[PDB]
Amino acid sequence: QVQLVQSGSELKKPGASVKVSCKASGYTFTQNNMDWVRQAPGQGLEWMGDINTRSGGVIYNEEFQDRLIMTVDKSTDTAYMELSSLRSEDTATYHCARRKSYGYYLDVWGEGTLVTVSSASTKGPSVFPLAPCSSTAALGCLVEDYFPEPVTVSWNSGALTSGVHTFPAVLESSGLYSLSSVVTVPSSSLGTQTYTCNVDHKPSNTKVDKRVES
Amino acid sequence: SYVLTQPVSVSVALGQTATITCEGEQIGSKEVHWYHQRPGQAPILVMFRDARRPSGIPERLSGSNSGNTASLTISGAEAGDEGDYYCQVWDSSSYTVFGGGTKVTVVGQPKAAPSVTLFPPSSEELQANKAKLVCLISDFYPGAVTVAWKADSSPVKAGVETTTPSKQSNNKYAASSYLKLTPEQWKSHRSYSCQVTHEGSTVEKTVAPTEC
């Protein structure tokens with residue numbers, strides 16, 4: 001059960017610094033080097049560096065050396081990347097990835113942390129219930145006007161997964177995102193089972209539970 | 001610095017075979033590794049040391065490397081093969097190098113008609129002095145759709161934010177469309193409609209303020 005769990009997404013101002021963590025479990029931490037790879041939206045993979053988890057020695061992509069500090073905490077099996085003097089072009093998803101022991105490919109990848117670099121303000125979403133006024137019935141919630149990405153949506157604290165469809169966001173010229181999530185249920189469970197959407201917007205520390213039906 | 005070059009895109013139909021190249025000066029002297037990144041997911045290793053498959057990768061995916069060209073061949077293509085594929089090497093001076101990626105689209109899949117749901121503005125949003133209609137379009141294939149909003153049969157030309165159809169985890173497309181109206185506008189019509197055209201078929205959902 002090799003797992004690489006990363007810290008939450010963040011919005012940072014230009015000139016600031018971000019520190020992302022990657023907690024490793026399920027294997028002996030010091031048996032593998034750890035790498036950092038980023039991906040700007042819609043672009044390719046860019047390798048940033050590699051750290052030896054025993055010595056803390058690193059090999060950099062030269063373009064990042066001056067403002068990237070890669071470290072490990074051997075007491076907590078955690079790797080960190082601290083990118084400073086942030087620029088708009090640093091907006092990307094940062095992944096930690098384990099390097100194959102005695103090899104040079106990346107065998108396990110973390111899910112990534114989206115770091116947005118902008119002077120724009122953070123805005124947590126307004127969550128509205130989506131329901132018809134009058135075989136299957138559709139309920140939902142509109143996660144409106146948030147910045148930056150990403151947001152996660154779950155239904156009934158994770159218990160409801162079947163029939164759930166969380167849609168990708170629209171970006172308006174106002175600079176704000178919105179997204180919808182809908183659950184398709186049999187109409188017989190109306191009034192008996194309660195339907196609540198749980199919205200998480202880590203960049204603004206916003207957590208909302210919205211009761212849609214019953 | 002060491003450069004790896006891949007084609008921008010490859011299309012392959014269901015059950016078919018296609019090859020993605022990864023070109024580099026004397027790449028045949030290096031070991032080449034490959035990653036598959038599905039839409040909205042992290043990359044996964046799919047081939048290492050030119051031709052070896054890691055756990056869970058079927059034999060219908062193969063790799064090779066010779067001279068100045070390495071390649072990854074997808075045979076028996078399945079819907080789940082869609083995504084971006086990246087080649088990678090370790091160079092003693094340039095360290096880890098990735099190719100620019102190739103976008104693989106799996107075509108020839110069965111037509112799937114869209115499911116359309118139209119929601120009226122919520123009572124909670126009416127309180128905040130705004131009216132928003134939400135049209136959700138799901139489970140459709142291919143991705144070409146035309147979404148048109150109507151106010152009492154007349155086309156609207158203001159307040160429409162339609163997402164570009166994007167592939168879902170189910171390999172079918174989803175799109176959402178939103179219509180922004182003034183609360184006065186919302187009450188000044190008997191009905192509103194979200195019309196969706198897909199592969200020559202049009203479906204329409206309607207909402208009426210007096211039903212709310």
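When reading the values below, keep in mind they use all heavy atoms of this one structure, side chains included, and skip hydrogens, waters and symmetry mates. In what follows, chains are A, B, ... by sequence order, proteins preceding strands, each numbered from 1.
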>> Looking at A:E82, I'd like to know if its CD atom is crowded, meaning that more than 12 non-hydrogen atoms belonging to other residues, nucleotides or ligands lie closer than 6.0 Å.
In response: yes
>> Let me confirm one number: the OH-CD1 distance from B:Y95 to A:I59, rounded to the nearest 0.5 Å.
In response: 3.5 Å
>> Measuring only between side-chain heavy atoms, which start at C-beta, is B:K180 closer than 4.5 Å to A:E172?
In response: yes
> Looking only at atom types and distance, does a side-chain atom of B:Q88 sit under 3.5 Å from a main-chain N or O of A:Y104, one as donor and one as acceptor?
Replying inline: yes
> For A:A169, does its backbone N or O pair with a side-chain atom of B:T163 as donor and acceptor, under 3.5 Å?
Replying inline: yes
> Out of A:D35, A:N61, A:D50, which one pairs with B:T96 under the side chain to side chain contact (heavy atoms under 4.5 Å, CB included) rule?
Replying inline: A:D35
>> With a 4.5 angstrom heavy-atom cut-off, is it the side chain or the backbone of A:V108 that approaches chain B, or both, or neither?
In response: neither
> According to the interplanar angle, ranging from 0 to 90°, do the rings of B:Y35 and A:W109 count as parallel (below 30°), tilted (30 to 60°) or perpendicular (above 60°)?
Replying inline: perpendicular
>> Looking at A:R87, I'd like to know if its CZ atom is crowded, meaning that more than 12 non-hydrogen atoms belonging to other residues, nucleotides or ligands lie closer than 6.0 Å.
In response: no
>> Would you say that more than 12 heavy atoms from the other residues, nucleotides or ligands in this model lie under 6.0 Å from the NZ of A:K23, or not?
In response: no
> Atom CG in A:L130, atom CG in B:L133: separation rounded to 0.5 Å?
Replying inline: 10.5 Å
>> To check you understand the geometry: which heavy-atom pair defines the closest contact between A:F167 and B:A175, and what is its length?
In response: CE2-O, 3.6 Å
> Tell me, do B:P54 and A:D107 make a side-chain contact under 4.5 Å, heavy atoms counted?
Replying inline: no
>> To the closest 0.5 Å, what do you measure between OH (A:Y105) and CZ (B:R52)?
In response: 8.5 Å
> Taking it one step at a time, do B:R49 and A:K100 satisfy side-chain contact (heavy atoms from CB on, under 4.5 Å)?
Replying inline: CA-CA 12 Å; B:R49 303 183 66 207; A:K100 170 70 186 80; over 6 Å; no
>> Working to the nearest 0.5 angstrom, can you tell me the gap between B:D139 CG and A:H165 NE2?
In response: 7.0 Å
>> Could you report the tightest heavy-atom contact between B:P120 and A:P132, atom names first, then the distance?
In response: CD-CA, 4.4 Å
>> Need one label for B:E31: side chain, backbone, both or neither, based on atoms under 4.5 Å from any heavy atom in chain A.
In response: neither
> Yes or no on side-chain contact (heavy atoms from CB on, under 4.5 Å) for B:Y178 and A:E144, after CA distance, side-chain angles and deciding distance?
Replying inline: CA-CA 11 Å; B:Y178 299 89; A:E144 179 175 285; over 6 Å; no
>> On a heavy-atom basis, which atom in B:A42 and which in A:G110 lie closest, and how many Å separate them?
In response: CB-O, 3.6 Å
>> Could you go through B:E124 and A:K210, starting from their C-alpha distance and side-chain angles, then the distance that decides it, and tell me whether this counts as side-chain contact (heavy atoms from CB on, under 4.5 Å)?
In response: CA-CA 11 Å; B:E124 323 209 5; A:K210 180 61 63 161; 2.8 Å; yes
>> Between B:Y86 and A:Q39, is there a side-chain donor-acceptor contact under 3.5 Å, judged purely by atom types and distance?
In response: yes
> Side chains of B:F119 and A:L142: closer than 4.5 Å at any heavy-atom pair?
Replying inline: no
> To the nearest 0.5 Å, what is the distance between NZ (B:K132) and OG (A:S180)?
Replying inline: 7.5 Å
